[PDB]
Ligand code: SF4
Ligand code: SF4
């Protein structure tokens, strides 16, 4: 389910009440994350659980949850690069209800988009090195993309 | 290891006749008169060789006759089109012995890139070639290298001195191939300059 802030704490636990709040009621067994626990590591652990316990039938969840897990691993170590958060948004948009075979993956990337929406400043702090996907090959001049 | 034309034979060669034949071959190889024959782009590189920056004139091969009777070298530098193949054959027939043929470029070698309805696939289909030059176009110095190859081929062939005495058959030497001769140095090449440099 989606993460919520203190402004959403004063809101009754129903189905329709959480329906327009940008989250789900779920099993109604909430868990509170304090200031000491960084949300980057928490979302990394959540996506690692959702990736290692996915069923692996359909392509977007099966081959995109490891990509998000590796992006969050890079953001944990400060090895983030420009083009990671946008990759997370594109994966979440392409993992919605019916975009995958079932609803396990929309529930998997509900915490990711929630932590993006509410705690984007904690994810941008992991981006430190510029985007270097290729390595220099001696004898071939690279195509300087603009 | 020679070749008879009127047969893989041996070296035919008084010791004065050998010196006379050597002097004749020296004079023939040091004065080679090509025939001015503009076929295609390979002729543009040929006349680039004839200019000042390369100076084929140094070898004594600058005269460039417009008449086939005076010339003794046919540089087929261009494509052998079907309409021009009888023209090339007639111009080769109008030449006088001794005469030598250099195919210049992939078109004259084998037809090259033009495996097409209107192109004869090589001038060796109808004309006996002496030296082949790969390239499209071969650079002017490649034409001069082929000229030197023709010179060293001429310098050891055996032709009759006079037409009233002696053996009238023409002996052409079977030269060792340039590929097998240069394989000893081409294979040993290890590093080349990278293409990013000037
Ligand atoms: S979205 Fe569901 S069906 Fe598709 S691979 Fe993931 S767990 Fe399996
Ligand atoms: S071999 Fe190439 S350069 Fe020479 S005549 Fe043919 S197309 Fe032109």
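In this analysis, Cβ positions are derived from the backbone assuming ideal geometry, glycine residues included, and neighbour counts consider all displayed protein chains. What follows is calculated from the coordinates using simple rules that are stated; it is not laboratory data.
Helix A:59-76 and the longest principal axis of the Cα set of chain A meet at an angle near 80°. Normalised by 2.2 N^0.38 Å, with N the number of residues, the alpha-carbon radius of gyration of the range B:13-72 equals 1.44.
Translational diffusion of the protein assembly as shown, estimated by Stokes-Einstein from the Kirkwood radius over alpha carbon pairs at 37 °C in a medium of 0.692 mPa s, is 117 µm² per second. Over the range B:2-187, all Cα pairs binned in 10 Å intervals from 0 give whole-percent P(r) values of 9, 34, 36, 18, 3, 0, listed from short to long.
The calculated pair-distance distribution of chain A uses every alpha carbon pair, bins of 5 angstrom beginning at 0, and gives 2, 9, 17, 19, 17, 15, 9, 5, 3, 2, 1, 1, 0, 0 percent. With 0.36 nm allotted per residue and the present C-alpha distance subtracted, the residue A:79-residue A:122 stretch has 14.1 nm of extension available. When you restrict to C-alpha pairs under 8 Å that are six or more residues apart and normalise by the size of chain A, the relative contact order lands at 28 percent. Ellipticity at 222 nm from helices only: DSSP H runs of n ≥ 4 in chain B, each -39500 (n - 2.57), divided by the residue count, give -9500 deg cm²/dmol.
Once C-alpha pairs closer than 8 Å and six or more residues apart are averaged by separation and normalised to the residue number of the range A:60-118, the relative contact order reads 34 percent. Roughly how far apart, in whole Å, are the Cα centres of the range B:1-64 and the range B:68-145? That distance is 15 Å. Within the P(r) computed for the range A:30-109, what percentage of the Cα pairs occupies the region above 14 Å? Tail of P(r) above 14 Å: 61 percent of Cα pairs.
Largest first, the three principal axis extents of the alpha carbons in the range B:72-114 are 33, 19, 11 Å in whole numbers.
For chain A, what is the mean residue ellipticity at 222 nm derived from helices alone (per DSSP H run of n ≥ 4: -39500 (n - 2.57); sum divided by total residues; nearest 500 deg cm²/dmol)? Please report the intermediate quantities before stating the final value.
Working: 6 runs with 65 residues, N = 146.
So the calculated ellipticity at 222 nm is -13500 deg cm²/dmol.
With a Förster radius of 35 Å applied to the beta-carbon distance between residue A:4 and residue A:129, the computed FRET efficiency rounds to 0.60.
Multiply the residue separation of residue B:47 and residue B:180 by 0.36 nm, subtract the distance between their alpha-carbon atoms, and state the gained length in nm to one decimal. Walk me through the numbers on the way to the answer.
Values: separation 133, 0.36 × 133 = 47.88 nm, distance 3.02 nm.
Extra length from residue B:47 to residue B:180 when fully extended: 44.9 nm.
The distance between label points at residue B:58 and residue A:17 comes to 9.9 nm (points 7 Å beyond Cα on the Cα→Cβ vector).
Please give the FRET efficiency for residue B:65 paired with residue B:85, using the beta carbon to beta carbon distance and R0 = 22 Å, rounded to the nearest 0.05. The partial results should precede the final answer.
Details: r = 21 Å, r/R0 = 0.97.
Computed FRET efficiency for residue B:65 and residue B:85: 0.55.
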